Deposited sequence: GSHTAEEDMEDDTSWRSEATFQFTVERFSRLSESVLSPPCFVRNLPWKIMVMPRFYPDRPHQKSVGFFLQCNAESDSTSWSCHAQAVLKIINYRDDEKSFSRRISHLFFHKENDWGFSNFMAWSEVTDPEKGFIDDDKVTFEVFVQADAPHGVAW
C-alpha cells in the first residue's frame, strides 16, 4: 500500500533534447507521502536530477529522512545505467535533493550511448524512507 517504506518508480521525459523548463513526474507514494522525480537542464551542459518529497503540502512541521538511488536508465544495457545514491532529511525548507550536475548533457543525449531513444530518457528512483514526523500525529 501507500504506507510502504520503500518503492521504485520511473519517469520518461519526452523531447528531452528540447528540454528548457524543469519537468515533474506524477507522484509515487511511500510512507504515505508523495514523492516525485524532478529533471531540468543546468549550466545543455548537464542534467539536473532531483528527488522531491511532500512539496505540495503547505505544512511546515513534517520531516522524513530517506536514502535513494537516482538512476538514468540505459535502454541498451542496464549495466551501463548511471546512478548516484543520496541520503537526506526532507522537510519544507528542503523538500528536494539530488544533483544539478548529475550527468553531462552531451553524454545523455548522445544517440550512441544508449540513454536516449526517440528523444526520450527514462529516470528511475529507488527510495527507502523512514517513518515521517509531523504528519500523521
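- No C-alpha positions are given in the record for the deposited-sequence stretches 1 to 12, 56 to 61.
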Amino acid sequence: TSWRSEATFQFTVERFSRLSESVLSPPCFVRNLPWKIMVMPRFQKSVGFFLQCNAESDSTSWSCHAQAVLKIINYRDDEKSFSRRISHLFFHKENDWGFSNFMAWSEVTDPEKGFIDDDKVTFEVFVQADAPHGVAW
From here on, numbers count along this sequence of modelled residues.
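- For the pair 74 to 82 and 90 to 98, the record assigns the higher mean C-alpha temperature factor to 74 to 82.
- Look at the mean CA B-factor for 17 to 25 and for 125 to 133 in the entry; the higher one is 17 to 25.
- The residue among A68, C64, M38, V47 whose C-alpha atom has the highest B-factor in the PDB entry is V47.
- Ranked within its chain, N54 lands in the lowest third, by CA B factor from the PDB record.
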